[PDB]
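Student: my complex, part one, positions kept as in the full thing:
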Amino acid sequence: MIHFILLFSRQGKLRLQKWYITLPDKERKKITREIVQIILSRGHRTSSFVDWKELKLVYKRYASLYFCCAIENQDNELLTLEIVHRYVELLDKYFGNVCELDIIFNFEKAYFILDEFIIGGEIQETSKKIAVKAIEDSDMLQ
Amino acid sequence: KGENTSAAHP
């Protein structure tokens, strides 16, 4: 079970937060600032795995913008990386050569790709075509 | 800048 989804820049600026566990905003800032401090203070041959507070945390560096999640520590761990890679391909297919400013200016569309890809922490569409087709159909409703 | 790079490079 994915407890949260975090997207933070290299400088530490929060670009996307998501909470699949309802913890309050002071706890949100505490946990978010802690995770931002942890991942930015770790090297480049460290497996992209952190055991942080009963969570086998799954992050990944794709660019200066860093991505972060944490699956429940009883599941497979590499599939969370495949989830993040699939969502990268979702942003690339709906946005088109997805820039940082595409994530900056059009963040709500990335939130909606996340909504039509994962609710509750789990994958709701495994097709890389049906999900982007459905969000382009919902955009076609406008 | 360093922001205009696309992520996945399809």
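Tutor: Ah, there it is. Numbers count the residues shown, from 1 in each chain, chains lettered A, B, ... in the order given.
Student: CA only for contacts and neighbour counts going forward, please
Tutor: OK.
Student: three-state assignment of the closest residue to residue A:18 other than its chain neighbours?
Tutor: Closest residue in space to residue A:18, ignoring its immediate chain neighbours: residue A:5 at 4.8 Å, by CA to CA, 6 or more residues apart in numbering or on different chains. Classification of residue A:5 using DSSP: H, G, I helix; E, B strand; the rest coil returns strand.
Student: count of neighbours near residue A:5?
Tutor: 20 (other CA atoms under 10 Å in any protein chain shown).
Student: enumerate the residues of chain B near chain A.
Tutor: Selection of chain B residues close to chain A by CA under 8 Å from any CA of the partner chain yields B:2, B:3, B:4, B:5, B:6, B:7, B:8, B:9.
Student: tell me how far the residue nearest to residue A:18 lies from residue A:20.
Tutor: The gap separating residue A:5 from residue A:20 is 8 Å, by CA to CA, to the nearest Å.
Student: which of the helices or strands spans residue B:7?
Tutor: Remark: residue B:7 resides in no helix or strand, with elements defined by DSSP states H and E.
Student: phi, psi of residue A:84?
Tutor: phi -70, psi -40 (degrees, to the nearest 10).
Student: neighbours of it, just the number please.
Tutor: 19.
Student: and for the residue most central in space within chain B, nearest residue in space, chain neighbours not counted?
Tutor: Residue closest to the mean C-alpha point of chain B, counted by CA atoms, centre = their mean, is residue B:5 at 1.8 Å. With CA to CA, 6+ apart as the criterion, residue B:5 has its nearest non-adjacent residue at 5.8 Å, and that residue is residue A:99.
Student: correct me, but that neighbour touches residue B:4?
Tutor: Yes: between residue A:99 and residue B:4 a contact is recorded at 5.2 Å, counting by CA atoms under 8 Å.
Student: more neighbours: which of those two?
Tutor: Between residue A:99 and residue B:4, residue A:99 has the larger neighbour count (other CA under 10 Å), namely 17 against 12.
Student: residues of chain A that sit close to chain B?
Tutor: Residues of chain A lying near chain B (CA under 8 Å from any CA): A:62, A:63, A:64, A:88, A:89, A:92, A:97, A:98, A:99, A:100, A:101.
Student: ok, and the most crowded of the residues of chain B next to chain A?
Tutor: residue B:7 (20 neighbours).
Student: which ones are touching it?
Tutor: The neighbours of residue B:7, taking CA atoms under 8 Å, 6 or more residues apart in numbering or on different chains as the test, are A:62, A:63, A:88, A:92, A:97, A:98, A:99.
Student: what strand or helix carries the third one?
Tutor: The reference is to residue A:88. helix A:78-91.
Student: okay, the helix or strand just after that helix in PDB with CA atoms only?
Tutor: Downstream of helix A:78-91, the first helix or strand assigned by DSSP H and E is helix A:100-105. This file holds the C-alpha atoms of helix A:100-105, laid out as PDB (Å, rounded to 0.1, in the frame of the first residue of the first chain):
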ATOM      1  CA  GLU A 100       9.600  21.000 -15.600                       C
ATOM      2  CA  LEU A 101       7.500  24.000 -16.500                       C
ATOM      3  CA  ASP A 102       4.900  21.600 -17.900                       C
ATOM      4  CA  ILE A 103       4.800  20.200 -14.400                       C
ATOM      5  CA  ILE A 104       5.000  23.700 -12.900                       C
ATOM      6  CA  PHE A 105       2.400  25.600 -15.000                       C
END
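Student: here's chain C, drop it on:
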Amino acid sequence: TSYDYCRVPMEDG
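Tutor: Chain C, in position alongside the others:
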């Protein structure tokens, strides 16, 4: 300096 000045006596002996 829109506020104008005032002249003092120089010696005050």
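Student: tell me which other helices or strands the helix holding residue A:88 touches.
Tutor: strand A:55-61, strand A:66-72, helix A:107-117 (3 or more CA pairs under 8 Å, 6 or more residues apart in numbering or on different chains; DSSP states H and E).
Student: distance to residue C:8 added to the ones you listed, as JSON lines?
Tutor: Conversion of the helices and strands packed on helix A:78-91 to JSON lines gives the following (distance: least, CA to CA, whole Å):
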{"stretch": "strand A:55-61", "distance to residue C:8": "74"}
{"stretch": "strand A:66-72", "distance to residue C:8": "70"}
{"stretch": "helix A:107-117", "distance to residue C:8": "69"}
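Student: got the buried residues for stretch A:117-129?
Tutor: Buried residues in stretch A:117-129, counting neighbours by 16 or more other CA atoms under 10 Å in any protein chain shown, are found at A:117, A:118, A:121.
Student: could you do stretch A:11-26 as well?
Tutor: A:12, A:14, A:15, A:16, A:19.
Student: can you tell me the residue of chain C closest to chain A?
Tutor: residue C:1 (46.4 Å; CA to the nearest CA).
Student: out of the helices and strands packed on helix A:78-91, which is the most enclosed?
Tutor: Comparing the helices and strands packed on helix A:78-91 on average neighbours per residue, with mean count of other CA atoms under 10 Å in any protein chain shown, the densest one is strand A:66-72 at a mean of 21.
Student: where's that strand relative to the chain centroid, distance-wise?
Tutor: Remark: strand A:66-72 is offset 7 Å from the chain centroid, using CA atoms, centre = their mean, to the nearest Å.
Student: centre of the chain to stretch A:86-106, how far?
Tutor: That offset, for stretch A:86-106, works out to 12 Å (CA atoms, centre = their mean).
Student: ok so, going back, closest to chain B out of the buried residues of stretch A:11-26?
Tutor: Proximity to chain B was ranked across those by CA to the nearest CA; first place goes to residue A:15, at 12.9 Å.
Student: shouldn't that closest one be in contact with residue A:104?
Tutor: Yes: using CA under 8 Å, residue A:15 is in contact with residue A:104, at 7.2 Å.
Student: check contacts around the residue of chain C found nearest chain B.
Tutor: Going by CA to the nearest CA, chain B is nearest to residue C:1 of chain C, at 45.7 Å. By CA under 8 Å, 6+ apart, the contact list for residue C:1 is empty.
Student: which residues does stretch A:114-122 contact?
Tutor: With contact meaning CA under 8 Å, 6+ apart, stretch A:114-122 is reached by A:1, A:2, A:3, A:4, A:20, A:87, A:123, A:124, A:125, A:131, A:135.
Student: separation between the second one and chain B?
Tutor: The one in question is residue A:2. To chain B, residue A:2 is 23 Å away according to CA to the nearest CA, to the nearest Å.
Student: here's chain D, drop it onto the model above:
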Amino acid sequence: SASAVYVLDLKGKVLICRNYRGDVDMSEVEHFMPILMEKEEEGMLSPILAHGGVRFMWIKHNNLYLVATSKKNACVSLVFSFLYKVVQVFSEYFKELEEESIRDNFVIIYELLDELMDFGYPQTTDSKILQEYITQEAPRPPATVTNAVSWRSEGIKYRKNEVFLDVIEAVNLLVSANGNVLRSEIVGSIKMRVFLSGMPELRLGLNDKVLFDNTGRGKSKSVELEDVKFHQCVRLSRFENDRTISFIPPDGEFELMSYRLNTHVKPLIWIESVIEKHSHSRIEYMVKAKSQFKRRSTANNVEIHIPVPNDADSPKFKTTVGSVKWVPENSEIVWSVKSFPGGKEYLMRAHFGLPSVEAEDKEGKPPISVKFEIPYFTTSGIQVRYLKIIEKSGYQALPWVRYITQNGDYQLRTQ
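Tutor: Let me add chain D to what's already shown:
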């Protein structure tokens, strides 16, 4: 006694760096901003940070951290006052002090930091004499650099000879929420603009209570100088002897004396207000502003700030005299009266809204601070008596003065 004087940006990389002794390694500046955030988020935000055995003395500019590092027991106020003098000299040089001045005018600033300090020792930190041999537009150093009188170089000549005196009042006040005065002190500061020729010597005449007690004229109107701190140029031994302000003036703009006294006279602008803090609806500021001083002076450009709730909405101001701009960026109002005479009372009635849902945290209750400015008026009643120009040539300079009443931290506590 600092081994390396540093200036960082707001992120923590080196804008400019200047080592002196090698006691602090150059790589130890990289720990400063993590230690800054580490001590800051726990309430241990101090001007002295530490990394094992290396200290971090710092003052803070708007965009600049003047980091001053030492390892042994440095003389601390030496270091901090030199940081302030570096700020003042660079503000004299670069009127805005930003990263565009550091990263582009880097030809002169390393020379400045080499000249102002050697081995961690400040040697010659005056701006005007440093102008005369450190330029961005070189000859021998002046003898005024080596002189005992190191604030006024010979060779200065003007056509007219004018001495401008600025007696600037600053009323410090902290009135409690009950309506009594907790502290009514006045920090007065005289700043002079002297345009004379050569090496003059100036004796300031003031209506001191202590000096009139030394004279025997202590029954007329006088000022009770509780404390005065002078410039370096004033011969302080002679002032200790017979209250004599004897000084060779520096050239141009300079602050002569920074005096401080206590004043049991009523405050200039009294602020009474009631606040009807209803739950989740609104707020009301029935604020009145009366002036207790005489009916002849008019307070220019006052800015009576009342701190407001942070998430207020639909602002309303039933005013009588004076405009309001609501400033939610600072979460306050600015009740601006341009012409505010003495002896008059101007009412203001404010009305806001308030969101139906409460906030997670509290907001705090900041006091009321106003921004009055009164010309031709001194609340202390201090008056300059004379100013004798002494010159080997011999002439008539023009000692001019104006009286200005401003505020310092003019606080009145809220409910």
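Student: sec struct for the residue nearest to the centre of chain B, please.
Tutor: coil.
Student: how close does it sit to residue D:130?
Tutor: Plainly put, residue B:5 is 49 Å away from residue D:130 if you go by CA to CA.
Student: what sits against the residue lying closest to residue A:61 once chain neighbours are set aside?
Tutor: The shortest distance from residue A:61 to any non-neighbouring residue, by CA to CA, 6+ apart, is to residue A:67 (6.6 Å). Going by CA under 8 Å, 6+ apart, residue A:67 touches A:5, A:6, A:7, A:8, A:59, A:60, A:61, A:84.
Student: tell me the contacts of residue D:139?
Tutor: residue D:133.
Student: and residue D:365, how many neighbours?
Tutor: 12.
Student: wait, it sits on residue D:414?
Tutor: Yes: using CA under 8 Å, residue D:365 makes contact with residue D:414 at a distance of 6.6 Å.
Student: pull up the residues of chain B that are close to chain D.
Tutor: Residues of chain B lying near chain D (CA under 8 Å from any CA): none found.
Student: point me to the residue of chain B nearest chain C.
Tutor: Closest point on chain B to chain C, by CA to the nearest CA, is residue B:1, at 45.7 Å.
Student: in which helix or strand would I find that residue?
Tutor: For residue B:1, there is no helix or strand it lies in under DSSP H and E.
Student: buried sites along stretch A:29-42?
Tutor: A:32, A:35, A:36, A:39.
Student: can you confirm whether that stretch lies near chain D?
Tutor: No: against chain D, stretch A:29-42 shows no contacts by CA under 8 Å from any CA, the least distance being 10.3 Å.
Student: show residues contacting that stretch.
Tutor: With CA under 8 Å, 6+ apart, stretch A:29-42 has contacts from A:6, A:8, A:10, A:12, A:59.
Student: just the CA trace of it, in PDB.
Tutor: Written as PDB, here are the backbone C-alpha positions of stretch A:29-42 (Å, rounded to 0.1, in the frame of the first residue of the first chain):
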ATOM      1  CA  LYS A  29       5.300  19.400   6.700                       C
ATOM      2  CA  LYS A  30       7.400  17.500   9.300                       C
ATOM      3  CA  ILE A  31       7.400  14.200   7.300                       C
ATOM      4  CA  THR A  32       7.800  16.000   4.000                       C
ATOM      5  CA  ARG A  33      10.800  18.100   5.100                       C
ATOM      6  CA  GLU A  34      12.300  15.000   6.700                       C
ATOM      7  CA  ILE A  35      12.000  13.000   3.500                       C
ATOM      8  CA  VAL A  36      13.300  15.900   1.400                       C
ATOM      9  CA  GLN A  37      16.300  16.200   3.800                       C
ATOM     10  CA  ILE A  38      17.000  12.400   3.600                       C
ATOM     11  CA  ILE A  39      16.900  11.900  -0.200                       C
ATOM     12  CA  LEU A  40      18.800  15.100  -1.000                       C
ATOM     13  CA  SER A  41      21.500  14.000   1.400                       C
ATOM     14  CA  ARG A  42      22.200  10.600  -0.200                       C
END
